[PDB]
Amino acid sequence: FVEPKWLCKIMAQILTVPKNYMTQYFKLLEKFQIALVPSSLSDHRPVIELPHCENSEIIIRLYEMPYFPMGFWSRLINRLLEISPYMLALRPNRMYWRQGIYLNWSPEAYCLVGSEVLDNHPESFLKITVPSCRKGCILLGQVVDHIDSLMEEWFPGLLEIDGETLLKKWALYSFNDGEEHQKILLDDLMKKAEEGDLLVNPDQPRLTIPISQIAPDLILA
Amino acid sequence: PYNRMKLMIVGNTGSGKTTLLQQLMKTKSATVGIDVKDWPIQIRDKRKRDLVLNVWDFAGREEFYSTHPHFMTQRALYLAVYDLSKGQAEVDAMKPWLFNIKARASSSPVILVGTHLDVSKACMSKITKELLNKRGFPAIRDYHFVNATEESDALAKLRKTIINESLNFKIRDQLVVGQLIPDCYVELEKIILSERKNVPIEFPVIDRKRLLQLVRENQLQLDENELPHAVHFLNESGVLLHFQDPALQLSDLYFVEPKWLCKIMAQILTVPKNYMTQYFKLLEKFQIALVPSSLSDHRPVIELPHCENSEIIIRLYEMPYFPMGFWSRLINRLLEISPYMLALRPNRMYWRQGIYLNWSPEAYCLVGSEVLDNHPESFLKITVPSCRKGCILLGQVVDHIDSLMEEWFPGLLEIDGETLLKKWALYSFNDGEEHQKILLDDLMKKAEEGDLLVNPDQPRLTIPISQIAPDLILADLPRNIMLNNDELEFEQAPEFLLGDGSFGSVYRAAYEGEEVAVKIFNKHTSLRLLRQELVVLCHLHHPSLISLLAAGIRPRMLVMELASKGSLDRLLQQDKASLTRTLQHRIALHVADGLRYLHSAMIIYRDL
Ligand SMILES: Nc1nc2c(ncn2[C@@H]2O[C@H](COP(=O)(O)OP(=O)(O)O)[C@@H](O)[C@H]2O)c(=O)[nH]1
């Protein structure tokens with residue numbers, strides 16, 4: 001491509017609305033993240049009543065950052081496009097919006113990525129919900145690796161240590177027996193440094209939770 | 001004589017309703033709720049029949065549309081105001097309202113009223129007299145071009161027409177305006193009207209005990225067993241509202257002054273610490289609770305697991321418009337009450353016009369509005385996988401939808417016959433690879449039950465009717481219950497091989513090498529009730545309960561295991577000596593075991 005302003009203008013033409021190169025046109029349209037148009041996806045979360053409540057049957061992980069990068073969600077949706085299967089096949093149900101994917105195989109083999117806003121926090125979050133079973137653990141591993149790879153490949157400045165690091169990966173655990181709520185949030189690096197043992201324990205050490213059912217990507221589960 | 005009838009003032013937003021009403025009653029701000037009132041008409045003719053219309057100024061704004069079909073009854077006259085100013089398009093903008101009057105109250109008059117005559121376009125009578133007269137619409141009986149904000153000869157003629165057209169109602173020659181009632185009913189109505197004044201304004205509700213104290217405190221001779229009939233009749237006339245249903249905890253509270261209830265209920269759609277739980281219960285009864293309205297109206301992208309026309313089952317439902325609160329009641333009805341198995345909670349992705357329950361990649365169910373090209377009508381496409389679990393879901397959904405239509409919107413099924421509701425079934429002779437599913441009306445396929453296949457002009461191709469409409473052929477149930485007509489030796493009706501007790505049409509025959517009793521369901525009735533019976537009896541499976549061997553479509557019959565000695569009634573009436581003490585105890589034990597199993601599954605056998 002010589003005279004690049006023509007390529008860029010032509011590519012941005014369809015976002016406001018050579019018969020030989022039609023297939024190449026579409027290929028580089030996907031390379032620009034235009035193809036299903038990832039932009040103009042109604043921006044409105046549709047109500048989703050998940051099958052599993054109870055804090056001891058789901059695994060949550062957040063991803064905090066001051067804002068979502070420009071083309072963040074588009075590249076992520078494109079990257080997560082059926083490239084994260086529970087098994088090693090079956091195509092899962094998918095309910096996309098502008099900031100989520102929600103692949104769903106079964107009531108115990110689902111995966112919901114999607115922006116979630118919290119009270120008294122101007123920052124942005126990327127809550128990931130996943131069932132606590134084996135198939136759930138597989139999905140969580142793939143998704144975290146995919147997200148981390150994308151960050152390291154496209155947005156390196158969000159990981160450069162100065163050190164708040166501008167990107168703090170949380171892990172929501174609940175010592176509260178699963179019945180009660182308000183999941184205590186623990187920075188991931190601190191839990192990584194807690195690999196010396198195989199359990200997490202509060203001020204009252206009669207309670208305990210295995211780090212597998214909190215962050216099964218660290219312990220090889 | 002009961003001189004009282006409901007006047008309902010329908011219309012679109014912004015179009016003059018409360019101002020027309022203020023000038024109709026000579027009683028010299030957006031409506032919230034339905035704003036009930038009542039004006040008495042002292043007719044000065046020789047027949048001085050002093051009648052009292054109670055008006056219902058329906059709110060035009062869309063967010064309230066979920067609660068309106070609860071307050072549309074048959075014994076009522078309708079107005080329909082439509083703002084002449086934006087002529088030639090405001091008439092085509094009120095066809096949804098008229099279609100809804102047609103669905104709910106199919107035999108009630110409608111008096112079209114055109115406001116805003118001061119500004120401008122009076123040739124809107126052309127489209128009113130051509131397209132709006134008889135083509136699926138609720139029998140319009142007058143049309144006026146009136147002004148508001150001032151009384152004149154226009155409003156005078158309009159008021160006299162409302163009066164006249166009211167008195168000559170005559171549903172099947174009944175003359176609603178002058179029927180007879182027990183005197184105790186009108187006495188009860190007068191004491192309620194007096195109680196309207198002596199009650200706290202912050203809470204006008206009255207207690208059933210307070211009502212009992214009131215009816216006793218005066219000479220009203222209404223017995224305790226008579227009160228339900230009386231209070232329900234006053235409900236129909238729009239004096240007081242009440243809900244005798246025991247599913248709610250409201251039957252002790254009798255809503256007097258209904259305009260307060262309606263306004264309070266519609267309060268939350270724009271945004272007494274004891275009755276909070278009852279408040280929420282009747283909030284769901286009005287379809288307000290998760291608020292089914294304001295659900296973003298935008299279908300979210302859904303990439304289903306299964307493409308290929310030979311692996312999914314589609315059914316449409318065509319109608320000119322969706323009724324007012326249609327999708328709300330449907331979502332509420334489909335709320336986890338249709339499980340694939342007989343347990344597991346499924347994934348759900350609601351929007352304003354869909355549900356999409358989803359268990360597994362082969363056990364999903366997607367209901368939702370789907371619009372087609374070159375078709376101004378509305379559709380209700382249902383997608384479902386072709387497997388067994390899919391078939392179960394499709395049966396439940398169709399039965400739920402059909403029940404809702406017959407219960408709430410009867411006018412959408414009344415045969416004249418286009419019927420205003422044409423259920424399609426999308427089949428594809430094209431081997432599944434190719435596309436453009438040929439659509440076949442369901443009644444025609446029902447008439448094609450003589451065979452068990454569908455065949456095109458080129459009969460080398462064929463498709464079994466199971467993989468098209470598994471609710472007609474008995475395949476939606478679990479456990480294939482086909483009859484295998486070869487084994488049967490049934491004799492149609494010789495006045496012989498009869499069950500002997502004439503309980504139904506049950507005969508006697510031999511099937512699978514054993515004697516069996518065959519109940520012949522075949523009659524003028526449809527296959528709904530047959531499916532209802534078949535489901536209940538297909539998964540109970542207890543030794544005390546009678547077990548079903550098979551069922552069959554041609555002709556409609558169901559094959560039950562034969563009881564050798566017949567009913568217990570005949571045995572005790574004619575063979576009393578045969579009952580030993582041990583035998584009596586065994587009969588009692590078996591019946592008790594049946595009741596125990598039935599109550600385990602939360603079923604009440606009632607009459608035993
Ligand atoms: N000038 C004029 N204004 C009218 C006429 N009919 C209605 N309006 C206007 O309509 C408004 C009333 O709207 P309203 O019926 O209360 O809305 P609704 O409660 O949603 O039905 C008033 O502000 C009137 O000015 C008319 O014939 N002439």
# chains A, B, ... in the order shown; residues from 1 in each chain; ligands from 1
>>> select_by_dssp(residues="stretch 18-127 of chain A", states="strand (DSSP E)", output="ChimeraX atom specification")
/A:47-49,58-61,93-96,103-104,110-113
>>> write_last_selection(atoms="N, CA and C atoms", output="PDB file, in the first residue's frame")
ATOM      1  N   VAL A  47     -30.005  -8.530  30.332  1.00  0.00           N
ATOM      2  CA  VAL A  47     -30.189  -9.214  31.607  1.00  0.00           C
ATOM      3  C   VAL A  47     -29.797 -10.675  31.461  1.00  0.00           C
ATOM      4  N   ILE A  48     -28.990 -11.166  32.399  1.00  0.00           N
ATOM      5  CA  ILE A  48     -28.506 -12.540  32.377  1.00  0.00           C
ATOM      6  C   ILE A  48     -28.646 -13.107  33.781  1.00  0.00           C
ATOM      7  N   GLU A  49     -29.549 -14.063  33.948  1.00  0.00           N
ATOM      8  CA  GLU A  49     -29.744 -14.747  35.219  1.00  0.00           C
ATOM      9  C   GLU A  49     -28.919 -16.024  35.141  1.00  0.00           C
ATOM     10  N   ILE A  58     -18.673 -20.479  42.233  1.00  0.00           N
ATOM     11  CA  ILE A  58     -18.234 -19.676  41.097  1.00  0.00           C
ATOM     12  C   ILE A  58     -16.868 -19.098  41.434  1.00  0.00           C
ATOM     13  N   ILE A  59     -16.121 -18.753  40.391  1.00  0.00           N
ATOM     14  CA  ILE A  59     -14.789 -18.177  40.533  1.00  0.00           C
ATOM     15  C   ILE A  59     -14.787 -16.846  39.801  1.00  0.00           C
ATOM     16  N   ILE A  60     -14.456 -15.778  40.519  1.00  0.00           N
ATOM     17  CA  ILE A  60     -14.441 -14.429  39.976  1.00  0.00           C
ATOM     18  C   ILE A  60     -12.998 -13.960  39.873  1.00  0.00           C
ATOM     19  N   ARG A  61     -12.705 -13.182  38.835  1.00  0.00           N
ATOM     20  CA  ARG A  61     -11.447 -12.457  38.747  1.00  0.00           C
ATOM     21  C   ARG A  61     -11.716 -11.112  38.101  1.00  0.00           C
ATOM     22  N   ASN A  93     -22.949 -21.532  22.790  1.00  0.00           N
ATOM     23  CA  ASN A  93     -23.820 -20.371  22.687  1.00  0.00           C
ATOM     24  C   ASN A  93     -23.046 -19.106  23.029  1.00  0.00           C
ATOM     25  N   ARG A  94     -23.357 -18.019  22.327  1.00  0.00           N
ATOM     26  CA  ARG A  94     -22.646 -16.761  22.499  1.00  0.00           C
ATOM     27  C   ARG A  94     -23.632 -15.607  22.430  1.00  0.00           C
ATOM     28  N   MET A  95     -23.512 -14.666  23.366  1.00  0.00           N
ATOM     29  CA  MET A  95     -24.385 -13.495  23.466  1.00  0.00           C
ATOM     30  C   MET A  95     -23.465 -12.284  23.588  1.00  0.00           C
ATOM     31  N   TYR A  96     -23.040 -11.750  22.447  1.00  0.00           N
ATOM     32  CA  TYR A  96     -22.135 -10.614  22.429  1.00  0.00           C
ATOM     33  C   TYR A  96     -22.857  -9.304  22.707  1.00  0.00           C
ATOM     34  N   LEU A 103     -19.471 -16.820  26.327  1.00  0.00           N
ATOM     35  CA  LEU A 103     -19.584 -18.187  25.835  1.00  0.00           C
ATOM     36  C   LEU A 103     -20.281 -19.057  26.873  1.00  0.00           C
ATOM     37  N   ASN A 104     -21.105 -19.998  26.409  1.00  0.00           N
ATOM     38  CA  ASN A 104     -21.902 -20.806  27.334  1.00  0.00           C
ATOM     39  C   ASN A 104     -22.130 -22.189  26.729  1.00  0.00           C
ATOM     40  N   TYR A 110     -19.792 -22.716  31.628  1.00  0.00           N
ATOM     41  CA  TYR A 110     -19.973 -21.418  30.998  1.00  0.00           C
ATOM     42  C   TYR A 110     -18.768 -20.526  31.278  1.00  0.00           C
ATOM     43  N   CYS A 111     -18.787 -19.338  30.680  1.00  0.00           N
ATOM     44  CA  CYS A 111     -17.732 -18.348  30.873  1.00  0.00           C
ATOM     45  C   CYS A 111     -18.270 -17.000  30.433  1.00  0.00           C
ATOM     46  N   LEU A 112     -18.280 -16.036  31.344  1.00  0.00           N
ATOM     47  CA  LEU A 112     -18.817 -14.707  31.083  1.00  0.00           C
ATOM     48  C   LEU A 112     -17.714 -13.692  31.331  1.00  0.00           C
ATOM     49  N   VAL A 113     -17.231 -13.084  30.262  1.00  0.00           N
ATOM     50  CA  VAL A 113     -16.352 -11.933  30.366  1.00  0.00           C
ATOM     51  C   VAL A 113     -17.201 -10.699  30.114  1.00  0.00           C
TER      52      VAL A 113
END
>>> residues_near_ligand(ligand="ligand 1", cutoff="10 Å", atoms="only C-alpha atoms and all ligand atoms", output="ChimeraX atom specification")
/B:9-22,29-35,57-61,81-85,114-119,145-150
>>> atom_distance(atom1="atom CA of residue A:179", atom2="atom CA of residue B:291")
26.7 Å
>>> select_by_dssp(residues="stretch 75-134 of chain A", states="alpha helix (DSSP H)", output="ChimeraX atom specification")
/A:75-79,134
>>> write_last_selection(atoms="N, CA and C atoms", output="mmCIF file, in the first residue's frame")
data_model
loop_
_atom_site.group_PDB
_atom_site.id
_atom_site.type_symbol
_atom_site.label_atom_id
_atom_site.label_comp_id
_atom_site.auth_asym_id
_atom_site.auth_seq_id
_atom_site.Cartn_x
_atom_site.Cartn_y
_atom_site.Cartn_z
ATOM 1 N N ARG A 75 -10.466 -6.243 19.982
ATOM 2 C CA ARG A 75 -9.429 -7.263 19.830
ATOM 3 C C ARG A 75 -9.659 -8.439 20.770
ATOM 4 N N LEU A 76 -10.167 -8.170 21.975
ATOM 5 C CA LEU A 76 -10.404 -9.244 22.934
ATOM 6 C C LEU A 76 -11.511 -10.170 22.449
ATOM 7 N N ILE A 77 -12.658 -9.599 22.061
ATOM 8 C CA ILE A 77 -13.760 -10.392 21.515
ATOM 9 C C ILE A 77 -13.273 -11.220 20.331
ATOM 10 N N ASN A 78 -12.520 -10.584 19.425
ATOM 11 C CA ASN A 78 -11.968 -11.293 18.273
ATOM 12 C C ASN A 78 -11.033 -12.416 18.708
ATOM 13 N N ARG A 79 -10.252 -12.181 19.763
ATOM 14 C CA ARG A 79 -9.289 -13.180 20.215
ATOM 15 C C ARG A 79 -10.003 -14.337 20.895
ATOM 16 N N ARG A 134 -14.212 -28.539 37.204
ATOM 17 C CA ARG A 134 -12.998 -28.767 36.423
ATOM 18 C C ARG A 134 -13.040 -28.021 35.093
#
>>> residues_around(residues="stretch 266-281 of chain B", least_positions_apart="5", cutoff="12 Å", atoms="only C-alpha atoms", output="MDAnalysis selection string")
chainID B and resid 30:35 58:59 61:68 200 202:205 243 245:253 259:261 286:294
>>> write_last_selection(atoms="N, CA and C atoms", output="tab-separated table (two decimals), in the first residue's frame")
chain	number	residue	atom	x	y	z
B	30	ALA	N	-49.81	15.44	32.23
B	30	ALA	CA	-49.84	14.11	31.66
B	30	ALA	C	-50.50	13.12	32.61
B	31	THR	N	-51.34	12.25	32.05
B	31	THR	CA	-52.03	11.24	32.84
B	31	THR	C	-51.05	10.18	33.33
B	32	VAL	N	-51.23	9.77	34.58
B	32	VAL	CA	-50.40	8.75	35.22
B	32	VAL	C	-51.34	7.72	35.83
B	33	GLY	N	-51.31	6.51	35.29
B	33	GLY	CA	-52.27	5.48	35.65
B	33	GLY	C	-53.40	5.45	34.64
B	34	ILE	N	-54.64	5.41	35.13
B	34	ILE	CA	-55.78	5.37	34.21
B	34	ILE	C	-56.84	6.38	34.63
B	35	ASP	N	-56.69	6.96	35.82
B	35	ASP	CA	-57.42	8.16	36.25
B	35	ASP	C	-58.94	7.93	36.17
B	58	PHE	N	-57.47	6.24	29.90
B	58	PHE	CA	-56.23	5.48	29.75
B	58	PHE	C	-55.07	6.41	29.39
B	59	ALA	N	-53.92	6.18	30.02
B	59	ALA	CA	-52.73	6.96	29.71
B	59	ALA	C	-52.10	6.52	28.40
B	61	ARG	N	-48.94	7.15	27.27
B	61	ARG	CA	-47.51	6.90	27.24
B	61	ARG	C	-47.22	5.40	27.27
B	62	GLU	N	-46.10	5.02	26.63
B	62	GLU	CA	-45.88	3.61	26.33
B	62	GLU	C	-45.54	2.79	27.57
B	63	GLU	N	-44.82	3.37	28.53
B	63	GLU	CA	-44.30	2.60	29.66
B	63	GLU	C	-45.40	1.95	30.50
B	64	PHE	N	-46.63	2.45	30.43
B	64	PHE	CA	-47.76	1.92	31.17
B	64	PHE	C	-48.52	0.82	30.44
B	65	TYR	N	-48.15	0.52	29.19
B	65	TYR	CA	-48.93	-0.39	28.35
B	65	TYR	C	-49.02	-1.80	28.92
B	66	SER	N	-48.10	-2.18	29.82
B	66	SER	CA	-48.13	-3.51	30.41
B	66	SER	C	-49.34	-3.75	31.30
B	67	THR	N	-49.87	-2.71	31.95
B	67	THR	CA	-50.96	-2.89	32.90
B	67	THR	C	-52.33	-2.61	32.32
B	68	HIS	N	-52.42	-2.02	31.13
B	68	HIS	CA	-53.72	-1.71	30.56
B	68	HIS	C	-54.60	-2.92	30.25
B	200	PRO	N	-58.99	6.81	55.51
B	200	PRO	CA	-57.79	7.64	55.35
B	200	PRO	C	-57.39	7.83	53.89
B	202	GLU	N	-54.41	8.65	52.78
B	202	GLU	CA	-53.11	8.05	52.50
B	202	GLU	C	-53.21	6.57	52.20
B	203	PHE	N	-54.27	5.90	52.66
B	203	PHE	CA	-54.47	4.48	52.41
B	203	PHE	C	-55.97	4.23	52.39
B	204	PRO	N	-56.58	4.14	51.20
B	204	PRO	CA	-58.03	3.96	51.11
B	204	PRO	C	-58.48	2.51	51.22
B	205	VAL	N	-57.53	1.57	51.32
B	205	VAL	CA	-57.88	0.16	51.37
B	205	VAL	C	-58.70	-0.15	52.62
B	243	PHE	N	-59.33	-9.08	44.38
B	243	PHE	CA	-58.71	-10.27	43.78
B	243	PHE	C	-58.91	-11.44	44.73
B	245	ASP	N	-58.41	-14.45	44.34
B	245	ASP	CA	-57.46	-15.55	44.16
B	245	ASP	C	-56.67	-15.80	45.44
B	246	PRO	N	-56.60	-17.05	45.92
B	246	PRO	CA	-55.87	-17.32	47.15
B	246	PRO	C	-54.36	-17.39	46.97
B	247	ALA	N	-53.87	-17.45	45.73
B	247	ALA	CA	-52.43	-17.38	45.47
B	247	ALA	C	-51.83	-16.08	46.01
B	248	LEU	N	-52.62	-15.02	46.07
B	248	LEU	CA	-52.22	-13.76	46.68
B	248	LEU	C	-52.76	-13.69	48.11
B	249	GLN	N	-52.10	-12.87	48.93
B	249	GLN	CA	-52.53	-12.60	50.29
B	249	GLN	C	-53.37	-11.34	50.39
B	250	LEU	N	-54.08	-10.99	49.32
B	250	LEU	CA	-54.84	-9.75	49.25
B	250	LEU	C	-56.33	-9.93	49.48
B	251	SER	N	-56.83	-11.17	49.52
B	251	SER	CA	-58.27	-11.42	49.59
B	251	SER	C	-58.90	-10.91	50.88
B	252	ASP	N	-58.11	-10.51	51.87
B	252	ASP	CA	-58.64	-9.84	53.05
B	252	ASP	C	-58.76	-8.34	52.86
B	253	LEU	N	-58.17	-7.79	51.81
B	253	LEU	CA	-58.21	-6.36	51.52
B	253	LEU	C	-59.01	-6.12	50.25
B	259	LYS	N	-59.00	4.30	41.62
B	259	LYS	CA	-58.07	5.22	40.97
B	259	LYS	C	-56.80	5.42	41.78
B	260	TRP	N	-56.89	5.32	43.11
B	260	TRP	CA	-55.69	5.42	43.95
B	260	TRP	C	-54.76	4.24	43.74
B	261	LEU	N	-55.31	3.02	43.69
B	261	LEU	CA	-54.48	1.84	43.46
B	261	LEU	C	-53.74	1.93	42.14
B	286	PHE	N	-49.62	-7.18	38.39
B	286	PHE	CA	-49.75	-6.15	37.36
B	286	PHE	C	-48.64	-6.23	36.32
B	287	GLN	N	-47.77	-7.23	36.44
B	287	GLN	CA	-46.58	-7.43	35.60
B	287	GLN	C	-45.62	-6.25	35.69
B	288	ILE	N	-45.19	-5.96	36.91
B	288	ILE	CA	-44.16	-4.96	37.17
B	288	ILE	C	-42.93	-5.57	37.81
B	289	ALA	N	-43.00	-6.82	38.28
B	289	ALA	CA	-41.86	-7.48	38.89
B	289	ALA	C	-41.96	-8.99	38.71
B	290	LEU	N	-37.00	-7.25	38.75
B	290	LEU	CA	-37.01	-7.34	37.30
B	290	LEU	C	-38.27	-6.69	36.74
B	291	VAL	N	-38.10	-5.53	36.10
B	291	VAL	CA	-39.20	-4.79	35.50
B	291	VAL	C	-39.28	-5.20	34.03
B	292	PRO	N	-40.31	-5.95	33.61
B	292	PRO	CA	-40.38	-6.41	32.21
B	292	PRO	C	-40.40	-5.29	31.18
B	293	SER	N	-40.85	-4.09	31.54
B	293	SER	CA	-40.69	-2.96	30.65
B	293	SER	C	-39.34	-2.30	30.89
B	294	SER	N	-38.92	-1.49	29.91
B	294	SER	CA	-37.59	-0.86	29.90
B	294	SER	C	-36.49	-1.93	29.97
>>> closest_atom_pairs(of="chain A", to="chain B", cutoff="12 Å", atoms="only C-alpha atoms", output="Markdown table")
| residue | atom | partner | partner_atom | distance |
| --- | --- | --- | --- | --- |
| A:36 | CA | B:301 | CA | 9.0 |
| A:37 | CA | B:301 | CA | 10.8 |
| A:38 | CA | B:301 | CA | 10.7 |
| A:40 | CA | B:301 | CA | 11.3 |
| A:41 | CA | B:300 | CA | 7.9 |
| A:42 | CA | B:298 | CA | 7.1 |
| A:43 | CA | B:300 | CA | 9.7 |
| A:44 | CA | B:296 | CA | 7.0 |
| A:45 | CA | B:300 | CA | 8.6 |
| A:46 | CA | B:351 | CA | 6.3 |
| A:47 | CA | B:350 | CA | 5.4 |
| A:48 | CA | B:349 | CA | 4.8 |
| A:49 | CA | B:348 | CA | 5.5 |
| A:50 | CA | B:347 | CA | 5.5 |
| A:51 | CA | B:345 | CA | 5.1 |
| A:52 | CA | B:345 | CA | 7.9 |
| A:53 | CA | B:345 | CA | 10.4 |
| A:81 | CA | B:303 | CA | 10.9 |
| A:82 | CA | B:303 | CA | 10.9 |
| A:89 | CA | B:305 | CA | 10.9 |
| A:90 | CA | B:361 | CA | 7.7 |
| A:91 | CA | B:305 | CA | 5.1 |
| A:92 | CA | B:305 | CA | 5.6 |
| A:93 | CA | B:304 | CA | 5.4 |
| A:94 | CA | B:303 | CA | 5.5 |
| A:95 | CA | B:302 | CA | 4.8 |
| A:96 | CA | B:301 | CA | 5.4 |
| A:97 | CA | B:300 | CA | 6.4 |
| A:98 | CA | B:300 | CA | 9.7 |
| A:99 | CA | B:300 | CA | 11.8 |
| A:100 | CA | B:300 | CA | 11.0 |
| A:101 | CA | B:301 | CA | 9.8 |
| A:102 | CA | B:302 | CA | 10.1 |
| A:103 | CA | B:303 | CA | 9.9 |
| A:104 | CA | B:360 | CA | 8.1 |
| A:105 | CA | B:360 | CA | 5.8 |
| A:106 | CA | B:360 | CA | 4.6 |
| A:107 | CA | B:359 | CA | 6.1 |
| A:108 | CA | B:359 | CA | 9.6 |
| A:109 | CA | B:360 | CA | 9.3 |
| A:110 | CA | B:347 | CA | 9.2 |
| A:111 | CA | B:347 | CA | 11.4 |
| A:112 | CA | B:347 | CA | 11.4 |
>>> decode(residues="stretch 119-177 of chain A", atoms="C-alpha atoms", output="PDB file, in the first residue's frame")
ATOM      1  CA  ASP A 119     -19.766   1.938  43.391  1.00  0.00           C
ATOM      2  CA  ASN A 120     -17.409   4.645  44.701  1.00  0.00           C
ATOM      3  CA  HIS A 121     -14.772   3.664  42.123  1.00  0.00           C
ATOM      4  CA  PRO A 122     -14.218   5.801  39.003  1.00  0.00           C
ATOM      5  CA  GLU A 123     -11.923   3.073  37.630  1.00  0.00           C
ATOM      6  CA  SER A 124     -13.020   0.378  35.181  1.00  0.00           C
ATOM      7  CA  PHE A 125     -13.198  -3.362  35.799  1.00  0.00           C
ATOM      8  CA  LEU A 126     -13.287  -6.550  33.727  1.00  0.00           C
ATOM      9  CA  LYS A 127     -15.060  -9.062  35.991  1.00  0.00           C
ATOM     10  CA  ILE A 128     -14.858 -12.670  34.778  1.00  0.00           C
ATOM     11  CA  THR A 129     -17.312 -15.258  36.086  1.00  0.00           C
ATOM     12  CA  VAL A 130     -16.724 -19.020  35.720  1.00  0.00           C
ATOM     13  CA  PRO A 131     -18.034 -22.142  37.534  1.00  0.00           C
ATOM     14  CA  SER A 132     -15.866 -23.793  40.169  1.00  0.00           C
ATOM     15  CA  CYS A 133     -15.810 -27.231  38.489  1.00  0.00           C
ATOM     16  CA  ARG A 134     -12.998 -28.767  36.423  1.00  0.00           C
ATOM     17  CA  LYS A 135     -14.266 -27.527  33.037  1.00  0.00           C
ATOM     18  CA  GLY A 136     -14.596 -24.072  34.580  1.00  0.00           C
ATOM     19  CA  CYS A 137     -10.951 -24.116  35.677  1.00  0.00           C
ATOM     20  CA  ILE A 138      -9.832 -24.947  32.122  1.00  0.00           C
ATOM     21  CA  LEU A 139     -11.764 -21.976  30.696  1.00  0.00           C
ATOM     22  CA  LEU A 140     -10.385 -19.549  33.295  1.00  0.00           C
ATOM     23  CA  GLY A 141      -6.802 -20.535  32.473  1.00  0.00           C
ATOM     24  CA  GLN A 142      -7.210 -19.943  28.736  1.00  0.00           C
ATOM     25  CA  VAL A 143      -9.011 -16.607  29.170  1.00  0.00           C
ATOM     26  CA  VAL A 144      -6.431 -15.161  31.582  1.00  0.00           C
ATOM     27  CA  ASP A 145      -3.579 -16.216  29.295  1.00  0.00           C
ATOM     28  CA  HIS A 146      -5.333 -14.709  26.271  1.00  0.00           C
ATOM     29  CA  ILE A 147      -5.990 -11.412  28.069  1.00  0.00           C
ATOM     30  CA  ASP A 148      -2.451 -11.196  29.481  1.00  0.00           C
ATOM     31  CA  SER A 149      -0.965 -11.921  26.046  1.00  0.00           C
ATOM     32  CA  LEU A 150      -3.054  -9.174  24.427  1.00  0.00           C
ATOM     33  CA  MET A 151      -1.944  -6.649  27.063  1.00  0.00           C
ATOM     34  CA  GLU A 152       1.734  -7.540  26.654  1.00  0.00           C
ATOM     35  CA  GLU A 153       1.445  -7.439  22.846  1.00  0.00           C
ATOM     36  CA  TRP A 154      -0.573  -4.267  22.195  1.00  0.00           C
ATOM     37  CA  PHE A 155      -0.627  -2.112  25.369  1.00  0.00           C
ATOM     38  CA  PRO A 156       2.795  -2.517  27.029  1.00  0.00           C
ATOM     39  CA  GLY A 157       2.544   0.778  28.935  1.00  0.00           C
ATOM     40  CA  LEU A 158      -0.211  -0.715  31.094  1.00  0.00           C
ATOM     41  CA  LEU A 159       2.283  -3.190  32.601  1.00  0.00           C
ATOM     42  CA  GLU A 160       5.423  -1.046  32.974  1.00  0.00           C
ATOM     43  CA  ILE A 161       6.448  -0.926  36.632  1.00  0.00           C
ATOM     44  CA  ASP A 162       7.621   2.445  37.930  1.00  0.00           C
ATOM     45  CA  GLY A 163       4.403   1.134  41.665  1.00  0.00           C
ATOM     46  CA  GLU A 164       0.632   0.990  41.210  1.00  0.00           C
ATOM     47  CA  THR A 165       1.328  -0.483  37.703  1.00  0.00           C
ATOM     48  CA  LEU A 166      -2.008   0.926  36.357  1.00  0.00           C
ATOM     49  CA  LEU A 167      -3.324  -2.662  36.080  1.00  0.00           C
ATOM     50  CA  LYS A 168      -4.074  -4.554  39.299  1.00  0.00           C
ATOM     51  CA  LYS A 169      -5.419  -8.081  38.843  1.00  0.00           C
ATOM     52  CA  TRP A 170      -7.713  -8.954  41.747  1.00  0.00           C
ATOM     53  CA  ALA A 171      -9.050 -12.310  42.918  1.00  0.00           C
ATOM     54  CA  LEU A 172     -12.363 -12.430  44.794  1.00  0.00           C
ATOM     55  CA  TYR A 173     -12.397 -14.949  47.648  1.00  0.00           C
ATOM     56  CA  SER A 174     -15.035 -15.409  50.342  1.00  0.00           C
ATOM     57  CA  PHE A 175     -13.970 -16.830  53.722  1.00  0.00           C
ATOM     58  CA  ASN A 176     -17.663 -16.418  54.641  1.00  0.00           C
ATOM     59  CA  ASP A 177     -18.593 -20.103  53.994  1.00  0.00           C
TER      60      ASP A 177
END
